[PDB]
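J.: Before I ask anything, let me first share the structure, which is written out below as structure tokens.
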Amino acid sequence: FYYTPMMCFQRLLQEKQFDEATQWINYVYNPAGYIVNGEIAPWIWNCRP
Amino acid sequence: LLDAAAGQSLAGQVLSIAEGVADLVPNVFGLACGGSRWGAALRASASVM
Amino acid sequence: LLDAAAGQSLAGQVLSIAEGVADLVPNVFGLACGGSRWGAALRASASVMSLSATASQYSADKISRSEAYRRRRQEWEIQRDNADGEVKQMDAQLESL
Amino acid sequence: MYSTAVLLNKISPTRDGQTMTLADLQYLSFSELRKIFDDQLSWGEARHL
Amino acid sequence: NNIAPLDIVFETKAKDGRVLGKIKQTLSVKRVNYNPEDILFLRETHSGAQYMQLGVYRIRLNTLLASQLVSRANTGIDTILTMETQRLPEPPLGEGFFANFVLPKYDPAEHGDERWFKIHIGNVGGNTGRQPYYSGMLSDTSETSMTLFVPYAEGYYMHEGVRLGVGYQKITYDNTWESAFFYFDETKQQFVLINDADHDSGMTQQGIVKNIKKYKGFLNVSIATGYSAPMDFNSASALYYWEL
Amino acid sequence: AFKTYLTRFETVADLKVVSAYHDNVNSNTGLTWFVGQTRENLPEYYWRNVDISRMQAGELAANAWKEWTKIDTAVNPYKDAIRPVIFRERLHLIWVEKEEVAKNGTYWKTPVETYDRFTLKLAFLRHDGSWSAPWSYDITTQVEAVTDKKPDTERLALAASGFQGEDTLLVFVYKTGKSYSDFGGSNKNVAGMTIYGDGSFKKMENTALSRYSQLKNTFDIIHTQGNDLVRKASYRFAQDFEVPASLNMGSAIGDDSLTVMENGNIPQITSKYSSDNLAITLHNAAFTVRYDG
Amino acid sequence: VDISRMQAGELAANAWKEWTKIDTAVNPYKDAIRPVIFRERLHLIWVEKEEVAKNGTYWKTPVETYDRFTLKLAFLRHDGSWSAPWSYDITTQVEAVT
Amino acid sequence: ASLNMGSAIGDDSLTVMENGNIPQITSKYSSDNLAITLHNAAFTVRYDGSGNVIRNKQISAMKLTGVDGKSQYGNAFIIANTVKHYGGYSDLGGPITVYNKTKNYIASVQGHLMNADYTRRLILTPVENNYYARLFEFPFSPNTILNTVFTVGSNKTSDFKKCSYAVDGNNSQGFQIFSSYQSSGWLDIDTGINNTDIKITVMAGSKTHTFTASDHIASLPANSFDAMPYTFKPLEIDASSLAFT
């Protein structure tokens, strides 16, 4: 839930894939929140621990 | 192609260990039972590794 | 030769899977029937797909060195441009002199 | 599944003398339409529309 | 369609009227349908044509162009890449026949506000009612001609054979003796149309009917005898066809 | 290169379908899976999936299908005894492996028999294209009973039904016939086998077989026209109505930014069908209220 | 070789073709090999001879050495490759004719 | 076992034959007599040219009908050989006129019109400069042209022969060129056909046979300007006079 998403994020950032990196890091965090079932997610972070 | 070949080569350990586990069943039988391949599983595992 | 060897190596999956399907028939028989090779087809398929991967690496380094040849050609073209560029450099320098 | 014509009739009238057609419903987010018509239809019908 | 929606609403409301929450969730119930007439089945003809059948519709699954591909490959590849190869005929999808329909030009007075039409099939299998078998886009400049393959089965048509009608909206020609009727004559061992004109006597699937009336809506209906279906670029193998 | 490409094209296009399965209790929505074999005399099998949920009553899209995909497992089935099923909402493949085996040898047991050790081999496609080795189950006695000790004379078929209500598999081994009778008891044609999601095999009792009597209409049968054979696709099976066994809603912030509802879930949703009355029982419907904006 | 334009005893060198090996490892019985053409394409037929017998009785002394004659039909695919042969058992008919 | 011919464009760049094929060709040898049976010999006729002004205008002219009410097939027509622009505002679809001799009809065709305000009329006069010397005048019932037949009714065959320079407007101001077409020379055609006008002639050695659609027809199609599919009976021809060299 935590290490692999940043693994991909770091690889994409190193290889200049900015929008793919942002989309992948949205799985763990998003400053604009998360859209679940078409509604504002009450939680701030998409990682439970 | 290189990566697909590497993973697809990794895709054979299960097959050969299945060979090894199934070679324990005797093949000749009746008035003369036996013919099992003695411990073929370990050479199969050695080959796949 | 590399490409022909790769495809010709691919030309063996059918043969070994035929081995695997034909090994199911028992070889000893009579008062003692049996001797079938238990599931030889799957190790045959494993071997042929491994050698298919081998021919895959063959095609891989073949095309990699082909692209290396193309890079060599591009570098030669660029340095030939450098050569005739300095040729005309000194062509104009000569009339100045 | 779900009858789009019946759903449009249920939403009708669109306080203008005509039916609330699909084209006029560009229109708004899922939470927005659920808030507006929460007393007229259900979640599955909203998803279908 | 063997599915039904229900809804669960949790309503918590304060005494002052401040709604704590009105949460809606939709659940779907799927009804079991194991009717053999509604269960699809797989069939293959002696010519090698493999198809699936769900109810009345038949869909091709495999292809049989291998021999022709080998023949053109033995010749130069230019012979492979020809129009004649791309229009090569295919075996029929099971037993059946081919009907060519020519529909007249669009008319706001006759057809109405909408140019498009829906072709429906009638008495088939065990269903007397109508089933939409095709949808077509009319032309306002000339007549529209299209060929449809109607499948067949042993005793598949009940009373008055099989019906084929059309609806252009604002009008629907599915009254008595208005849709084209077909049956399978055994004396001629072939598919025979019933109502090509006004007749005082005619042999149909259930005997002699003394009042046959010409079909309406369709400008011309013909049986394409000896017609082979052309090569299809929209089947399950359309991806491979487009590739090649 | 073009010649090799067209060779591969011919090889992949000469596939002929042999089995099919549907992920639904009806024929209105759901997804269908096809499995076929190459024309050539070797057991290379391919699979495809197609979606008929948006299929337009006789009209379909080319993109609605999928390309053939080879199964890299080297299956060696008996004739046409291959079938795909889906459980754990994931694909699995079943087949019988036929080998020439006999019993022990007596004083002068002249006819050392040539009975077949029928073995169901359950192998599934893992996520990354790989395949797991098949679970091996021996159903020789049941195959003997259903073939009446003459399996090579008659065609035998196997039907796989994935009960998703509690995630079990019903395998029916039967003899090919024009029509089929009811399950359970007198009918020796159909033998039932229950396999779980872990590997535990169980013989279905007569009552268990009769519990699924409505599935007899989806068998591979002989058409009325002589010796014609028509196949049929198996279906996802439920008792009479399929609903998910659990429901989860989530959370919702109430009015005035003061209250919130969370942990909305019904863990158990069961359905009892008595005659024509359907009683849906929701066990332990629970949630939580919290004063929080 | 093509004899369509062969000139009644006179032929061209180019009218022939070079020998091409069959990469199938055929094991025919003596000289039982023959090419044919169907689906307007080349196929090769041969019989495979193996020393097989029947089951064993009480004291069946002469376990026979009859031959299991198997026609193996393998054809040349387009790109030089060969398909594995269809296997047909015609032992009874060979016994009857011999 | 099968034969496929293809397609051929007929004379005058007006007609085409396509889908020529005999799917089944069987041969029965009884003693020394060889009966060749061609099952379902079929093809299709279509009114369509090689692609030019002639095609894209006259084909639509024949397809579109007028007061008589659809049909108009089997009639004799007077057409123009080549049509070109002559002058005016713009080269639109423009008024293209054709003459139906059987019913004395003038059929007009136009792709699109620029102005829907002027009551521009089909005007035929061989001078393009004297509105007072006009010989054909037909107005538009709706302000937008619908390419309708204007039903002369009288014998103006020679008038159509000697009238060129089709003009769009020719309104009260005299001429006001909207679109003018030079029709060059004129030609005679006839859409009619006879049952015996279609035939298949087989030759094999000294045996020559002519099977027509009057006695060997399996399906007689409709009578219209669109594609006509013609299929014949299974033809059994005895061919024993072939010189087998």
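Residue names in the structure tokens use chain letters A, B, ... in the order shown, residue numbers from 1 in each chain, and ligand numbers from 1 in the order shown.
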At a cut-off of 8 Å, list the chain E residues touching chain H, using only C-alpha atoms, as a ChimeraX atom specification.
T.: /E:142-143,220,222,225-226
J.: Compute the set of chain C residues within 6 Å of chain B, using only C-alpha atoms, and express it as an mmCIF file with N, CA and C atoms, in the first residue's frame.
T.:
```cif
data_model
loop_
_atom_site.group_PDB
_atom_site.id
_atom_site.type_symbol
_atom_site.label_atom_id
_atom_site.label_comp_id
_atom_site.auth_asym_id
_atom_site.auth_seq_id
_atom_site.Cartn_x
_atom_site.Cartn_y
_atom_site.Cartn_z
ATOM 1 N N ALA C 32 2.258 -57.165 -18.765
ATOM 2 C CA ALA C 32 2.621 -55.994 -17.965
ATOM 3 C C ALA C 32 2.472 -54.760 -18.851
ATOM 4 N N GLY C 34 1.770 -50.637 -19.634
ATOM 5 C CA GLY C 34 2.152 -49.359 -19.072
ATOM 6 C C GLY C 34 3.457 -48.806 -19.609
ATOM 7 N N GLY C 35 4.198 -48.125 -18.739
ATOM 8 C CA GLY C 35 5.420 -47.464 -19.137
ATOM 9 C C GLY C 35 5.229 -46.089 -19.731
ATOM 10 N N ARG C 43 6.584 -30.593 -19.732
ATOM 11 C CA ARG C 43 7.999 -30.229 -19.744
ATOM 12 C C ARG C 43 8.477 -29.967 -21.163
ATOM 13 N N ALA C 46 7.436 -26.507 -21.820
ATOM 14 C CA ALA C 46 8.323 -25.613 -21.081
ATOM 15 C C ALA C 46 9.651 -25.438 -21.807
ATOM 16 N N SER C 50 11.001 -22.013 -23.482
ATOM 17 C CA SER C 50 12.303 -21.480 -23.092
ATOM 18 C C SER C 50 13.184 -21.212 -24.309
ATOM 19 N N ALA C 53 12.051 -18.173 -26.004
ATOM 20 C CA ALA C 53 12.643 -17.019 -25.333
ATOM 21 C C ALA C 53 14.091 -16.825 -25.767
ATOM 22 N N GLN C 57 15.820 -13.508 -27.376
ATOM 23 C CA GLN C 57 17.050 -12.765 -27.093
ATOM 24 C C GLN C 57 17.914 -12.645 -28.340
#
```
J.: Please list as number ranges by chain every residue within 9 Å of residue 148 (chain F), counting only C-alpha atoms and excluding residues in the same chain fewer than 4 positions away.
T.: F: 143-144, 189
J.: Save the residues we just selected, N, CA, C and O atoms, as an mmCIF file, in the first residue's frame?
T.:
```
data_model
loop_
_atom_site.group_PDB
_atom_site.id
_atom_site.type_symbol
_atom_site.label_atom_id
_atom_site.label_comp_id
_atom_site.auth_asym_id
_atom_site.auth_seq_id
_atom_site.Cartn_x
_atom_site.Cartn_y
_atom_site.Cartn_z
ATOM 1 N N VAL F 143 -16.762 -41.973 -13.395
ATOM 2 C CA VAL F 143 -16.791 -42.036 -14.855
ATOM 3 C C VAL F 143 -17.172 -43.436 -15.324
ATOM 4 O O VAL F 143 -17.934 -43.597 -16.285
ATOM 5 N N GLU F 144 -16.643 -44.468 -14.663
ATOM 6 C CA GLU F 144 -17.026 -45.835 -15.000
ATOM 7 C C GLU F 144 -18.521 -46.046 -14.813
ATOM 8 O O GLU F 144 -19.188 -46.637 -15.672
ATOM 9 N N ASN F 189 -26.817 -41.467 -15.289
ATOM 10 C CA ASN F 189 -26.066 -40.815 -16.356
ATOM 11 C C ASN F 189 -25.177 -39.698 -15.825
ATOM 12 O O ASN F 189 -24.050 -39.530 -16.301
#
```
J.: To one decimal place, how far is CA of residue 253 (chain F) from CA of residue 40 (chain A) in Å?
T.: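 Calculated distance between CA of residue 253 (chain F) and CA of residue 40 (chain A) is 9.3 Å.
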J.: What is the distance between CA of residue 215 (chain E) and CA of residue 196 (chain E), in Å to one decimal?
T.: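 CA of residue 196 (chain E) lies 6.6 Å from CA of residue 215 (chain E).
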J.: Give me, as a Markdown table, the closest atom pair and its distance (Å, one decimal) for every residue of chain D within a cut-off of 12 Å of chain F, counting only C-alpha atoms, rows sorted by chain and rising number.
T.:
```
| residue | atom | partner | partner_atom | distance |
| --- | --- | --- | --- | --- |
| D:1 | CA | F:28 | CA | 9.7 |
| D:31 | CA | F:252 | CA | 10.8 |
| D:35 | CA | F:255 | CA | 11.3 |
| D:43 | CA | F:249 | CA | 11.3 |
```
J.: What would the file look like if the residues just selected were written as an mmCIF file, in the first residue's frame with N, CA and C atoms?
T.:
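Heads up, here's the output in selection.cif:
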```cif
data_model
loop_
_atom_site.group_PDB
_atom_site.id
_atom_site.type_symbol
_atom_site.label_atom_id
_atom_site.label_comp_id
_atom_site.auth_asym_id
_atom_site.auth_seq_id
_atom_site.Cartn_x
_atom_site.Cartn_y
_atom_site.Cartn_z
ATOM 1 N N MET D 1 -33.447 -2.916 -18.126
ATOM 2 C CA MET D 1 -32.678 -2.249 -17.083
ATOM 3 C C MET D 1 -33.477 -1.112 -16.457
ATOM 4 N N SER D 31 -23.032 14.299 -7.049
ATOM 5 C CA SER D 31 -23.530 14.811 -5.779
ATOM 6 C C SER D 31 -24.508 15.957 -5.988
ATOM 7 N N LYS D 35 -28.316 15.756 -4.720
ATOM 8 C CA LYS D 35 -28.881 16.768 -3.838
ATOM 9 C C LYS D 35 -30.154 17.370 -4.420
ATOM 10 N N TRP D 43 -30.140 6.003 -6.672
ATOM 11 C CA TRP D 43 -28.726 6.036 -7.033
ATOM 12 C C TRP D 43 -28.466 5.307 -8.346
#
```
J.: Quick check: residues of chain E within 8 Å of chain D, only C-alpha atoms, returned as a list in words.
T.: residues 1, 3, 4, 5, 7, 24, 25, 26 and 27 of chain E
J.: For those residues, write N, CA and C atoms to a file as a PDB file, in the first residue's frame.
T.:
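Written output follows (again23.pdb):
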```pdb
ATOM      1  N   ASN E   1     -35.753  -7.574 -18.213  1.00  0.00           N
ATOM      2  CA  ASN E   1     -34.548  -8.238 -18.713  1.00  0.00           C
ATOM      3  C   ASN E   1     -33.896  -9.087 -17.624  1.00  0.00           C
ATOM      4  N   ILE E   3     -33.716  -8.668 -14.479  1.00  0.00           N
ATOM      5  CA  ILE E   3     -33.034  -7.909 -13.437  1.00  0.00           C
ATOM      6  C   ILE E   3     -34.002  -6.860 -12.910  1.00  0.00           C
ATOM      7  N   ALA E   4     -33.941  -6.624 -11.601  1.00  0.00           N
ATOM      8  CA  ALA E   4     -34.834  -5.685 -10.944  1.00  0.00           C
ATOM      9  C   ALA E   4     -34.078  -4.871  -9.904  1.00  0.00           C
ATOM     10  N   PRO E   5     -34.272  -3.556  -9.884  1.00  0.00           N
ATOM     11  CA  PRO E   5     -33.623  -2.720  -8.873  1.00  0.00           C
ATOM     12  C   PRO E   5     -34.501  -2.466  -7.658  1.00  0.00           C
ATOM     13  N   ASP E   7     -34.084  -0.229  -3.634  1.00  0.00           N
ATOM     14  CA  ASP E   7     -33.295   0.814  -2.993  1.00  0.00           C
ATOM     15  C   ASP E   7     -33.457   0.774  -1.481  1.00  0.00           C
ATOM     16  N   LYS E  24     -28.764   6.844   0.179  1.00  0.00           N
ATOM     17  CA  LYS E  24     -29.444   5.965  -0.761  1.00  0.00           C
ATOM     18  C   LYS E  24     -28.449   4.974  -1.350  1.00  0.00           C
ATOM     19  N   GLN E  25     -28.855   3.709  -1.437  1.00  0.00           N
ATOM     20  CA  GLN E  25     -28.047   2.682  -2.082  1.00  0.00           C
ATOM     21  C   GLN E  25     -28.949   1.782  -2.909  1.00  0.00           C
ATOM     22  N   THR E  26     -28.521   1.474  -4.129  1.00  0.00           N
ATOM     23  CA  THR E  26     -29.315   0.692  -5.067  1.00  0.00           C
ATOM     24  C   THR E  26     -28.747  -0.715  -5.180  1.00  0.00           C
ATOM     25  N   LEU E  27     -29.620  -1.711  -5.058  1.00  0.00           N
ATOM     26  CA  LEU E  27     -29.259  -3.114  -5.178  1.00  0.00           C
ATOM     27  C   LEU E  27     -29.975  -3.722  -6.376  1.00  0.00           C
TER      28      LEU E  27
END
```
J.: Give me the residues near residue 162 (chain E) as JSON, numbers by chain, where near means some atom within 7 Å (using only C-alpha atoms) and where sequence neighbours in that chain fewer than 2 positions away do not count.
T.: {"E": [122, 123, 124, 157, 160, 164, 181, 182, 183]}
J.: Would you output that residue set with C-alpha atoms, as an mmCIF file, in the first residue's frame?
T.:
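To be explicit, this is the file written out as out.cif:
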```cif
data_model
loop_
_atom_site.group_PDB
_atom_site.id
_atom_site.type_symbol
_atom_site.label_atom_id
_atom_site.label_comp_id
_atom_site.auth_asym_id
_atom_site.auth_seq_id
_atom_site.Cartn_x
_atom_site.Cartn_y
_atom_site.Cartn_z
ATOM 1 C CA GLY E 122 -42.614 -12.087 -36.031
ATOM 2 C CA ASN E 123 -43.769 -15.687 -35.643
ATOM 3 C CA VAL E 124 -40.517 -17.515 -34.841
ATOM 4 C CA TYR E 157 -42.207 -21.599 -37.919
ATOM 5 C CA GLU E 160 -48.661 -18.870 -41.211
ATOM 6 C CA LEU E 164 -41.036 -9.993 -41.455
ATOM 7 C CA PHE E 181 -44.416 -14.329 -45.042
ATOM 8 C CA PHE E 182 -41.967 -17.159 -45.677
ATOM 9 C CA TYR E 183 -42.044 -20.913 -45.201
#
```
J.: Which residues, written as a ChimeraX atom specification, have at least one atom at most 9 Å from residue 10 (chain C), with only C-alpha atoms counted and residues fewer than 5 positions away on the same chain left out?
T.: /C:5,48-49,51-52,55
J.: Give me, as a tab-separated table, the closest atom pair and its distance (Å, one decimal) for every residue of chain G within a cut-off of 8 Å of chain F, counting only C-alpha atoms, rows sorted by chain and rising number.
T.:
```
residue	atom	partner	partner_atom	distance
G:55	CA	F:111	CA	7.4
G:56	CA	F:110	CA	6.4
G:57	CA	F:110	CA	5.0
G:58	CA	F:110	CA	6.1
G:77	CA	F:7	CA	7.3
G:78	CA	F:7	CA	6.2
G:79	CA	F:4	CA	5.6
G:83	CA	F:40	CA	7.6
G:84	CA	F:41	CA	7.2
G:85	CA	F:41	CA	7.5
G:86	CA	F:41	CA	6.2
```
J.: Select from region 65-204 of chain E everything DSSP, run on the backbone, classes as strand (DSSP E or B), then give the selection as number ranges by chain.
T.: E: 90, 96-103, 117-121, 124, 127, 131-136, 144-151, 162-167, 172-173, 180-185, 190-193, 199, 202-204
J.: With a distance threshold of 12 Å and counting only C-alpha atoms, extract the residues of chain A near chain D and express them as a VMD selection string.
T.: chain A and resid 35 to 41
